[PDB]
Amino acid sequence: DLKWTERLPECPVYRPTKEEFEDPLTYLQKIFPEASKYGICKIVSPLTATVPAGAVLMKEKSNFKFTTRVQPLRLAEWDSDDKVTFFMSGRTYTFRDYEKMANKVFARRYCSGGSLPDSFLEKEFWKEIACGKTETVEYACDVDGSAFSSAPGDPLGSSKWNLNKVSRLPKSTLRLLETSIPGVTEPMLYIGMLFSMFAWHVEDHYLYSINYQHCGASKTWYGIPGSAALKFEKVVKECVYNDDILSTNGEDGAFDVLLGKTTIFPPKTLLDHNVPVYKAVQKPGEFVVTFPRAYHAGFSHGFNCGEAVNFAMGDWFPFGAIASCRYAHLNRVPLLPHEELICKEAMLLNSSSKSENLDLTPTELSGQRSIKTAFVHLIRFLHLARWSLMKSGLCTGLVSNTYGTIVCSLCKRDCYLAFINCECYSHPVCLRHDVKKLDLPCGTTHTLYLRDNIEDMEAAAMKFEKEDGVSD
Ligand SMILES: O=C(O)CCC(=O)C(=O)O
Ligand code: NI
Ligand SMILES: [Zn+2]
Ligand SMILES: [Zn+2]
């Protein structure tokens with residue numbers, strides 16, 4: 001009946017001055033104790049661009065064009081073949097012609113293309129989902145390119161809140177990656193129209209996401225605190241099963257997949273089960289941040305262009321760990337080299353003791369403790385596993401490991417410190433598997449690849465072990 005739409009509590013909205021703006025990771029660390037309780041927050045930029053998004057796309061790039069995907073409005077009404085077809089049924093557009101198409105579609109629905117009040121279009125979207133006749137909507141996700149100006153005078157484009165600079169920021173955990181990952185080491189452009197949506201979900205590897213709106217109509221977000229994630233999933237599993245949420249029967253599988261088979265469902269279903277939901281209505285010039293493991297969904301109120309990138313800081317490491325477990329449980333290759341990030345950050349902290357002790361913030365210090373704790377646990381397990389491996393006598397070979405991260409052939413967990421290699425190089429395994437029970441077609445000789453500086457890292461671990469707050 002849609003009363004809920006305007007009784008939904010709104011997420012925190014921050015309005016820093018220029019001098020407080022700093023870089024987004026430092027700023028997030030200052031506001032984290034409050035904002036992280038909500039899962040989502042909004043930050044009004046105190047910096048305006050000099051060259052607006054359309055002028056960047058038309059003047060600072062050559063013949064910018066993009067291809068859309070076709071998104072069904074009611075996901076559960078379609079089988080798995082129709083979804084494939086939908087993805088590739090898009091069309092190539094200029095920025096301008098996509099704008100005009102969206103405006104003419106909007107005007108055909110509402111007799112005028114003028115932006116309508118936020119409450120009106122929110123109710124319109126949910127009533128369309130529930131009983132509308134529009135089948136699909138066109139949008140351009142995951143487009144590569146940026147609308148931040150590269151011009152030197154641009155206050156926004158030359159700031160650290162230019163999302164192309166985020167992943168290399170000093171507090172960005174993923175600054176340590178040597179490989180590129182779209183959406184993760186680089187932002188991506190999103191171009192939407194009326195009712196184009198992002199269904200309920202959590203980022204890969206439980207990363208943060210930060211999203212800037214460059215221009216166009218409002219964008220409504222619903223966010224779930226990270227602390228409610230499990231509850232969210234529990235409730236969704238019940239409501240899909242009672243057919244409170246429309247989908248195809250789950251037939252087990254994994255929540256990540258079942259979610260992909262549900263028609264987007266309104267926050268009232270979750271409110272009725274006492275999981276908190278907070279609303280953000282984002283307009284050009286505002287950033288929206290979602291926190292690790294914070295479920296979020298939303299939709300566009302008309303033509304709009306935004307830009308997003310995912311990231312991590314120290315405080316993310318406990319969440320990454322949980323994600324790695326799920327990745328391993330589902331037998332899926334993780335997105336990030338978790339072990340390698342732990343070890344690199346930890347050795348950086350072990351290397352310097354005076355930059356960190358003197359001026360640290362609480363969230364930064366907690367992230368440092370999370371890194372040190374993850375590192376200590378990793379080194380301990382590896383030490384015990386190596387001791388057992390040695391005593392068994394089933395791994396005669398030993399090689400100094402100078403590779404990057406490798407993927408385990410059985411559980412697909414990332415291996416940075418150590419792996420057990422086979423006689424043919426195609427069946428390496430992490431150190432969690434019983435060597436005696438490996439039946440490999442290449443033979444039975446097993447070689448431990450062990451990172452060259454393992455002793456330095458054990459010493460760093462033993463020293464972190466004794467520090468206050470590193471409690472294991
Ligand atoms: O821009 C969008 O529509 C997707 C936003 C999102 O899912 C994110 O930034 O995490
Ligand atoms: Ni997202
Ligand atoms: Zn494994
Ligand atoms: Zn082999």
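Per the PDB entry, the protein chain goes by the name Transcription factor jumonji (Jmj) family protein and belongs to Arabidopsis thaliana. The title field of the PDB entry reads "Crystal structure of Arabidopsis thaliana JMJ13 catalytic domain in complex with AKG". Annotation of the protein chain in UniProt includes, under Cofactor (unreviewed entry), the sentence "Fe(2+)".

A. Region of the structure containing the site of ligand 1. The immediate surroundings of ligand 1 are formed by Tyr190, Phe198, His201, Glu203, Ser209, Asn211, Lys219, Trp221, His296 and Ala308. Within the side chain of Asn211, an N or O atom sits 3.1 Å from an oxygen atom of ligand 1. In this structure, an oxygen atom belonging to ligand 1 sits 3.2 Å away from a side-chain N or O atom of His296. Considered on its own, ligand 1 offers 290 Å² of accessible surface; in the complex 88% of this is hidden by protein. Of all elements in the fold, only β8 (197–201), β9 (208–216) and β10 (219–223) reach the threshold of two or more residues within the shell around ligand 1. Of the residues in the shell around ligand 1, the class split is four nonpolar, four polar and two charged.

B. Main features of the coordination of the zinc ion (ligand 3). Distances from the zinc ion (ligand 3) to its protein donors, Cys408 (SG), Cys411 (SG), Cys430 (SG) and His433 (NE2), fall within 2.2 to 2.4 Å. Classification of the site at the zinc ion (ligand 3) as tetrahedral follows from its four donor atoms and the range of 99 to 116° in their angles at the metal. Positions of the donor residues of the zinc ion (ligand 3), expressed as sequence spacing, correspond to C-x2-C-x18-C-x2-H. You can see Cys408 sitting in the loop between β16 (406–407) and β17 (414–415) and its partner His433 sitting in the loop between β18 (418–421) and β19 (447–451), a full 25 residues away along the chain. Given a relative accessible area of 0%, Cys408 falls into the buried group.

C. Seen up close, the pairing of strand β11 (residues 278–282). The element β11 is extensively covered by neighbouring structure, given that five of its five residues are classed as buried. Of the two faces of β11, the one lined by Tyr278, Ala280 and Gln282 and the one lined by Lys279 and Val281 are each fully buried. Two strands pair when backbone bridges link them, and β10 and β11 are joined in this way by five bridges, in the antiparallel orientation. In the strand pairing of β11, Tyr222 is matched with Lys279.

D. Up close: the packing of helix α11 (residues 338–351) against helix α13 (residues 362–392). At a closest axis distance of 9 Å, the pairing of α11 and α13 adopts a crossing angle of 115°. One way to sum up the angle between α11 and α13 is to call them roughly perpendicular. Handedness of the crossing formed by α11 with α13: left-handed. Two secondary-structure elements touch here, α11 through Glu339, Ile342, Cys343, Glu345, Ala346, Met347 and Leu349 and α13 through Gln368, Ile371, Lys372, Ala374, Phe375 and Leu378. When grouped by side-chain class, the residues that make up the contact of α11 with α13 number nine nonpolar, one polar and three charged.

E. View of α11. Taking 1.5 Å of rise per residue, 14 residues should cover 20 Å, and α11 covers 20 Å from first to last C-alpha, within 8% of that figure. Extensive coverage of α11 is indicated by the burial of ten of its 14 residues. Among the residues of α11, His338, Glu339, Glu340, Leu341, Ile342, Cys343, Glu345, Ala346, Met347 and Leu349 are the ones counted as buried. In this structure, the buried side of α11 is in contact with α10 (317–329), α12 (355–359), α13, β17 and α14 (454–465).

F. Molecular detail of the packing of helix α5 (residues 95–110) against helix α6 (residues 118–131). Closest axis-to-axis distance for the α5/α6 pair is 14 Å, and the angle between their directions is 85°. Of the possible angle classes, the one that applies to α5 and α6 is roughly perpendicular. Here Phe106, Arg109 and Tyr110 of α5 lie close against α6, whose contacting residues are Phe120, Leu121, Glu124 and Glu128. The class makeup of the residues in the contact of α5 with α6 is four nonpolar, no polar and three charged.

G. How the structure looks around the UniProt feature "domain: JmjC" (unreviewed entry) in the protein chain. The UniProt feature table records "domain: JmjC" (unreviewed entry) at residues 158–328. Helix makes up 20% of residues 158–328 and strand makes up 27%, while its end C-alpha atoms are separated by 40 Å.

H. Molecular detail of the layout of surface pockets. In this structure, the second largest pocket spans a volume of roughly 550 Å³. Surrounding the second largest pocket, 23 residues form its lining, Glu339, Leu378, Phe381, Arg413 and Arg432 being those nearest its centre. Listing elements by their share of the lining of the second largest pocket, those giving two or more residues are α10, α11 and α13. Here the element with the most residues in the lining of the second largest pocket is α13; it accounts for eight residues. When its residues are assigned to classes, the lining of the second largest pocket shows 15 nonpolar, four polar and four charged.

Cut-offs and rules
- Residues numbered from 1 in each chain as written, not as in the entry; some residues may be left out.
- Chains lettered and ligands numbered in written order.
- Heavy atoms only, no water.
- UniProt positions renumbered as here; feature names shortened; annotations may be inferred.
- Near = heavy atom within 4 Å.
- Polar contact = N/O pair within 3.5 Å; in protein donor to acceptor, adjacent residues only side chain to side chain.
- Areas by Shrake-Rupley, 256 points an atom, 1.4 Å probe, with all protein chains shown as cover.
- Helix = DSSP H or I, 4+ residues; strand = E, 2+ residues; numbered from the N terminus.
- Nonpolar A, V, L, I, M, F, W, Y, C, P; charged D, E, K, R; others polar.
- Donors = N, O, S within 2.8 Å, 3.2 Å for Na, K, Ca; no water.
- Tetrahedral: all angles 85-135°; square planar, octahedral: opposite > 155°, others 65-115°.
- Buried < 20%, exposed > 50% of the residue type's maximum accessible area, 1.4 Å probe, protein only.
- Pairing = 2+ DSSP bridges.
- Axes fitted to C-alpha atoms, helices over the stretch in contact; angles between N-to-C directions.
- Parallel < 35°, antiparallel > 145°, perpendicular 65-115°, else oblique.
- Left-handed = near helix turned anticlockwise from the far one by under 90°.
- Contact = heavy atoms within 4.5 Å.
- Expected span 1.5 Å × (residues − 1).
- 1 Å grid on protein atoms, 1.4 Å probe; cavity = no way out; pocket = protein on both sides within 12 Å on 5 of 7 lines; lining within 4 Å.
- Points joined across faces, edges and corners; volume = space filled by probe spheres on them.

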